[PDB]
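Here you get one chain, nothing else, as structure tokens; it is the form solved without ethidium.
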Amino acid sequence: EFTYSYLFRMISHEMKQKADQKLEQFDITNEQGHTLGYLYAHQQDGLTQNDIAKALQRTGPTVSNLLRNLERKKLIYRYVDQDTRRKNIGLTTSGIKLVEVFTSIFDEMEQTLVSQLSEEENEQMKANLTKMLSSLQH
């Protein structure tokens, strides 16, 4: 029978794969999704291509390609701040709404798991998972 190591590894992998598949139905790649999410979380101040590249640990050309694609779909816009030198990036309403969709996808995946079990059995499983987690924390 499978080890807990294996089960948790494969669940980790498959949740990422399922999420990527769901996002692709909205024509968003994994790195496009991370870009939109990063923008969403940091919108309150000026963010440049360089800021994004540092945070994502990707090259300038990769990020320039990511951003051109998103801008072409009007999920983001870019403008001049350091004038000329720096262009800042913001999300449009559609960009915001897609980030919300991402949250919906994660919530619906969670609901799918919860629906596998009765309320009573969910209580048992979460209690037991919590004991397993605590044993690893101490």
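All residue numbers are counted from 1 along the displayed sequence.
We do not show the form deposited with ethidium bound, though everything after this point is about it.
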property	result
Accessibility of shown form to ethidium in the entry with it bound, site-C-alpha superposition, 2.4 Å backbone/C-beta rule	blocked
Heavy atom within 4.5 Å of ethidium in the entry with it bound - the one residue of 70, 63, 28, 89 that qualifies	28
Partner proximity in the entry with it bound: residue 34 to ethidium, non-hydrogen atom cutoff 4.5 Å	yes
Answer range among 89 to 97, 34 to 42, 51 to 59, 71 to 79 for contact with ethidium, defined in the entry with it bound as heavy atoms within 4.5 Å	34 to 42
